[PDB]
Structures are given as C-alpha cells and as structure tokens.
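Working notes, beginning with the structure itself.
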Amino acid sequence: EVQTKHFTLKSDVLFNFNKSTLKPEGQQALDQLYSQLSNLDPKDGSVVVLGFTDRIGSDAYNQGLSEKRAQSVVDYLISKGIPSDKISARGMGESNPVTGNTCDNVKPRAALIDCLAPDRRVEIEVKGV
C-alpha cells in the first residue's frame, strides 16, 4: 500500500522439534520485532504469518506443524496488541523453499538438516504501516 514489510524467523530458534509452543528466545525475537510489526494503519493494515518446513519436513514427524507454528506466532502477537481481525496464519509446509536445488546431493541425515536450515522458517508479511 504505502508500505509493506517482511520478516523472517528461524523455526529452529522458535520451536522445539515437532512442537509449536514458542521458545523463550523465539518470544524475544517476536518482541524485538513487534515495534515495527505493529505500526499499521488501524483501518487497512494486515498481518499474515506463514509457516514453512523443508522438503523432508525434518522439523516434525506429526502433521499440521507448520500451520500450528504460524498460529502460535499469531497468538503471541495478539497477546502483544495486534488485534485479531487484522492477523491470520497459514501453513505453507514445503512450498517455496529458499535453498532451491542446493541440497539435492546431500545424503547424510544431519548434514542435510544443516543444509536445509534456511527453509525451516516463519515469514511475516505486513501491509500498511
């Protein structure tokens, strides 16, 4: 609109394996960004929280975790003062990976997790501000 902003957070800092409760350090990271994350036109400002994992979803073994995580972030952000009707969560899963083809030839489980780190992420889009 007048200004759209973008934020990216590491899932490995925000969440324990297979879980969607925000870790302390992840709470902190959301605090550190809430100032700028919440300056939106109270009329037509909007916030979208997008959960991602990597192409083997190493992040989790149960399903729905990327939606859950996105919603956990939403919930926290609402408990900081973003109104509900202004913010929504989406679970993108393996979609739109950042790493591209970079890790296709990485076979060992550990190294492949290291390599796919960039894909294990929560993105936040802010329209308005």
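Letters A, B, ... go to the chains of the structure tokens in the order shown; residues in each chain start at 1; ligands are counted from 1 in the same order.
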
May I have all residues of chain A that DSSP, computed from the backbone, assigns to helix (DSSP H, G or I), given as an MDAnalysis selection string?
-> chainID A and resid 11:14 24:37 65:78 84:86 109:119

What's the 9 Å shell around residue 84 in chain A, counting only C-alpha atoms, without same-chain residues fewer than 5 positions away, as an NGL selection string?
-> :A and (74-75 or 78)

Name the residues of chain A that come out as strand (DSSP E or B) in a backbone DSSP run; write them as an NGL selection string.
-> :A and (4-10 or 46-52 or 87-93 or 121-127)

Range 34-41 of chain A surroundings by only C-alpha atoms, 8 Å radius, close-in-sequence under 4 positions cut, as a JSON list (two decimals) with N, CA and C atoms, in the first residue's frame:
[["chain", "number", "residue", "atom", "x", "y", "z"],
["A", 30, "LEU", "N", 10.25, -12.16, 18.64],
["A", 30, "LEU", "CA", 8.99, -11.52, 18.30],
["A", 30, "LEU", "C", 8.80, -10.19, 19.03],
["A", 45, "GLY", "N", -4.37, -2.01, 7.63],
["A", 45, "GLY", "CA", -3.18, -2.77, 7.90],
["A", 45, "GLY", "C", -3.55, -4.23, 8.10],
["A", 46, "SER", "N", -2.69, -5.14, 7.65],
["A", 46, "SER", "CA", -2.95, -6.56, 7.82],
["A", 46, "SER", "C", -1.65, -7.29, 8.04],
["A", 77, "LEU", "N", 1.52, -12.63, 19.09],
["A", 77, "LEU", "CA", 1.42, -11.28, 18.55],
["A", 77, "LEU", "C", 0.11, -10.59, 18.91],
["A", 80, "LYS", "N", 0.23, -9.23, 22.33],
["A", 80, "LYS", "CA", 1.08, -8.05, 22.45],
["A", 80, "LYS", "C", 0.35, -6.80, 22.00],
["A", 81, "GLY", "N", -0.71, -6.96, 21.22],
["A", 81, "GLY", "CA", -1.59, -5.85, 20.90],
["A", 81, "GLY", "C", -2.02, -5.70, 19.46],
["A", 82, "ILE", "N", -1.61, -6.64, 18.61],
["A", 82, "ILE", "CA", -2.18, -6.72, 17.27],
["A", 82, "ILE", "C", -3.60, -7.26, 17.40],
["A", 126, "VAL", "N", 3.57, -7.73, 6.42],
["A", 126, "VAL", "CA", 2.80, -6.63, 6.97],
["A", 126, "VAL", "C", 2.43, -5.63, 5.87],
["A", 127, "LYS", "N", 1.13, -5.48, 5.61],
["A", 127, "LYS", "CA", 0.66, -4.50, 4.64],
["A", 127, "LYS", "C", 0.18, -3.26, 5.38],
["A", 128, "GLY", "N", 0.47, -2.07, 4.85],
["A", 128, "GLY", "CA", 0.07, -0.84, 5.50],
["A", 128, "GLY", "C", 1.20, -0.09, 6.19],
["A", 129, "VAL", "N", 1.23, -0.13, 7.52],
["A", 129, "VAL", "CA", 2.25, 0.58, 8.31],
["A", 129, "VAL", "C", 2.49, 2.02, 7.84]]

Residues within 10 Å of range 85-96 of chain A, only C-alpha atoms, excluding chain neighbours under 5 positions, as number ranges by chain = A: 40, 42-57, 63-75, 77-78, 119-126

Keeping only N, CA, C and O atoms, write the selected residues as a compact mmCIF listing (two decimals), in the first residue's frame.
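After the write, result24.txt holds the following:
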# COMPACT_ATOMS: atom_id res chain seq x y z
N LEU A 40 0.73 -0.43 12.02
CA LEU A 40 -0.09 -0.49 10.83
C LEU A 40 -1.30 0.44 10.86
O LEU A 40 -1.88 0.68 11.92
N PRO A 42 -4.59 1.30 11.26
CA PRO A 42 -5.59 0.54 12.01
C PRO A 42 -6.82 0.22 11.14
O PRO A 42 -7.59 -0.68 11.48
N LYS A 43 -6.98 0.96 10.05
CA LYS A 43 -8.00 0.63 9.05
C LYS A 43 -7.59 -0.56 8.18
O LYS A 43 -8.11 -1.66 8.35
N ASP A 44 -6.67 -0.33 7.25
CA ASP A 44 -6.31 -1.36 6.27
C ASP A 44 -4.90 -1.98 6.41
O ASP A 44 -4.32 -2.44 5.43
N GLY A 45 -4.37 -2.01 7.63
CA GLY A 45 -3.18 -2.77 7.90
C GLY A 45 -3.55 -4.23 8.10
O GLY A 45 -4.62 -4.53 8.64
N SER A 46 -2.69 -5.14 7.65
CA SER A 46 -2.95 -6.56 7.82
C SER A 46 -1.65 -7.29 8.04
O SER A 46 -0.59 -6.85 7.58
N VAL A 47 -1.74 -8.41 8.75
CA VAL A 47 -0.57 -9.21 9.08
C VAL A 47 -0.86 -10.65 8.67
O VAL A 47 -1.90 -11.19 9.04
N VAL A 48 0.03 -11.24 7.88
CA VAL A 48 -0.04 -12.66 7.56
C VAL A 48 1.21 -13.40 8.05
O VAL A 48 2.35 -13.01 7.75
N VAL A 49 0.99 -14.47 8.82
CA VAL A 49 2.08 -15.30 9.33
C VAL A 49 2.14 -16.63 8.57
O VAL A 49 1.18 -17.42 8.58
N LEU A 50 3.26 -16.88 7.90
CA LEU A 50 3.40 -18.08 7.08
C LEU A 50 4.42 -19.08 7.66
O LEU A 50 5.60 -18.75 7.80
N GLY A 51 3.95 -20.28 8.00
CA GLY A 51 4.83 -21.36 8.44
C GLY A 51 5.43 -22.20 7.30
O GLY A 51 4.70 -22.65 6.41
N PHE A 52 6.75 -22.41 7.33
CA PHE A 52 7.42 -23.35 6.41
C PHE A 52 8.27 -24.39 7.13
O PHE A 52 8.79 -24.16 8.24
N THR A 53 8.43 -25.54 6.46
CA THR A 53 9.43 -26.54 6.81
C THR A 53 10.19 -26.90 5.53
O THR A 53 9.88 -26.34 4.47
N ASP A 54 11.17 -27.80 5.62
CA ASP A 54 11.97 -28.20 4.46
C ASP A 54 11.36 -29.38 3.69
O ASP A 54 10.36 -29.96 4.12
N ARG A 55 11.97 -29.75 2.56
CA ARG A 55 11.40 -30.75 1.64
C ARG A 55 11.35 -32.18 2.19
O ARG A 55 10.89 -33.08 1.49
N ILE A 56 11.85 -32.41 3.40
CA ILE A 56 11.59 -33.68 4.07
C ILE A 56 10.86 -33.44 5.38
O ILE A 56 10.69 -34.36 6.20
N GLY A 57 10.44 -32.19 5.58
CA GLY A 57 9.87 -31.75 6.84
C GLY A 57 10.63 -32.36 7.99
O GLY A 57 10.05 -33.12 8.77
N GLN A 63 1.74 -34.24 11.63
CA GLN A 63 1.31 -33.33 10.58
C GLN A 63 0.74 -32.01 11.14
O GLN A 63 0.49 -31.89 12.35
N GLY A 64 0.55 -31.04 10.25
CA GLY A 64 -0.03 -29.76 10.61
C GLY A 64 0.87 -28.83 11.40
O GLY A 64 0.43 -27.75 11.81
N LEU A 65 2.13 -29.21 11.61
CA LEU A 65 3.04 -28.40 12.43
C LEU A 65 3.32 -27.01 11.88
O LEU A 65 3.54 -26.09 12.65
N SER A 66 3.35 -26.84 10.57
CA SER A 66 3.67 -25.51 10.05
C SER A 66 2.49 -24.55 10.21
O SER A 66 2.69 -23.38 10.54
N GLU A 67 1.27 -25.05 10.03
CA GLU A 67 0.10 -24.25 10.39
C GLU A 67 0.13 -23.91 11.89
O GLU A 67 0.10 -22.74 12.26
N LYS A 68 0.22 -24.94 12.75
CA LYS A 68 0.30 -24.73 14.20
C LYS A 68 1.28 -23.62 14.62
O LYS A 68 0.94 -22.69 15.39
N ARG A 69 2.51 -23.73 14.13
CA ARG A 69 3.54 -22.74 14.42
C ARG A 69 3.13 -21.34 13.98
O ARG A 69 3.27 -20.38 14.75
N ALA A 70 2.60 -21.23 12.77
CA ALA A 70 2.16 -19.93 12.28
C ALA A 70 1.08 -19.37 13.21
O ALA A 70 1.09 -18.19 13.55
N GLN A 71 0.17 -20.23 13.64
CA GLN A 71 -0.89 -19.81 14.56
C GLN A 71 -0.37 -19.44 15.96
O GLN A 71 -0.96 -18.61 16.64
N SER A 72 0.73 -20.08 16.39
CA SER A 72 1.30 -19.83 17.70
C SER A 72 1.87 -18.42 17.70
O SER A 72 1.73 -17.66 18.68
N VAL A 73 2.53 -18.09 16.60
CA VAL A 73 3.09 -16.76 16.41
C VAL A 73 1.94 -15.75 16.38
O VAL A 73 1.98 -14.74 17.07
N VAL A 74 0.90 -16.04 15.60
CA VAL A 74 -0.25 -15.17 15.60
C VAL A 74 -0.72 -14.94 17.03
O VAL A 74 -0.84 -13.79 17.46
N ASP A 75 -0.97 -16.01 17.77
CA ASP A 75 -1.49 -15.88 19.13
C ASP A 75 -0.63 -14.96 20.00
O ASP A 75 -1.15 -14.09 20.71
N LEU A 77 1.52 -12.63 19.09
CA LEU A 77 1.42 -11.28 18.55
C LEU A 77 0.11 -10.59 18.91
O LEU A 77 0.03 -9.37 19.00
N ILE A 78 -0.93 -11.38 19.12
CA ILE A 78 -2.19 -10.80 19.54
C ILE A 78 -2.11 -10.45 21.01
O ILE A 78 -2.73 -9.49 21.44
N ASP A 119 15.24 -23.18 4.91
CA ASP A 119 13.85 -23.48 4.59
C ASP A 119 12.96 -23.63 5.83
O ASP A 119 11.73 -23.51 5.76
N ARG A 120 13.57 -23.93 6.98
CA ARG A 120 12.77 -24.05 8.20
C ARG A 120 12.58 -22.67 8.81
O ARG A 120 13.41 -22.17 9.60
N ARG A 121 11.49 -22.02 8.41
CA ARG A 121 11.32 -20.60 8.68
C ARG A 121 9.85 -20.21 8.79
O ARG A 121 8.97 -20.87 8.22
N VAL A 122 9.59 -19.13 9.53
CA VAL A 122 8.28 -18.49 9.59
C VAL A 122 8.41 -17.11 8.96
O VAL A 122 9.26 -16.32 9.37
N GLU A 123 7.58 -16.81 7.96
CA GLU A 123 7.64 -15.49 7.36
C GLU A 123 6.42 -14.70 7.77
O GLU A 123 5.34 -15.27 7.96
N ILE A 124 6.61 -13.39 7.92
CA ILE A 124 5.53 -12.49 8.30
C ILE A 124 5.42 -11.31 7.35
O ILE A 124 6.40 -10.58 7.14
N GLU A 125 4.24 -11.14 6.75
CA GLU A 125 4.00 -10.04 5.82
C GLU A 125 3.11 -8.98 6.47
O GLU A 125 2.04 -9.30 6.99
N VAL A 126 3.57 -7.73 6.42
CA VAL A 126 2.80 -6.63 6.97
C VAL A 126 2.43 -5.63 5.87
O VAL A 126 3.31 -5.03 5.26

Length of the CA of residue 3 in chain A to CA of residue 32 in chain A vector [Å] | 19.6 Å

Find, counting only C-alpha atoms, the residue in A:99, A:113, A:23, A:108 that gets nearest to residue 60 in chain A.
->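 The closest residue to residue 60 in chain A is A:113.
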
Given the choices A:17, A:61, A:33, A:24, which gets closest to residue 5 in chain A if the distance is worked out from only C-alpha atoms?
-> A:33

Residue 27 in chain A: which residues within 8 Å, counting only C-alpha atoms, same-chain residues fewer than 4 positions away excluded, as a VMD selection string?
-> chain A and resid 14 22 to 23 31 76

Could you jot down the CA of residue 9 in chain A to CA of residue 25 in chain A separation for me, Å, one decimal place?
->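 Taking CA of residue 9 in chain A and CA of residue 25 in chain A, their separation equals 11.1 Å.
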
Distance CA of residue 118 in chain A-CA of residue 2 in chain A, one decimal place?
-> 29.2 Å
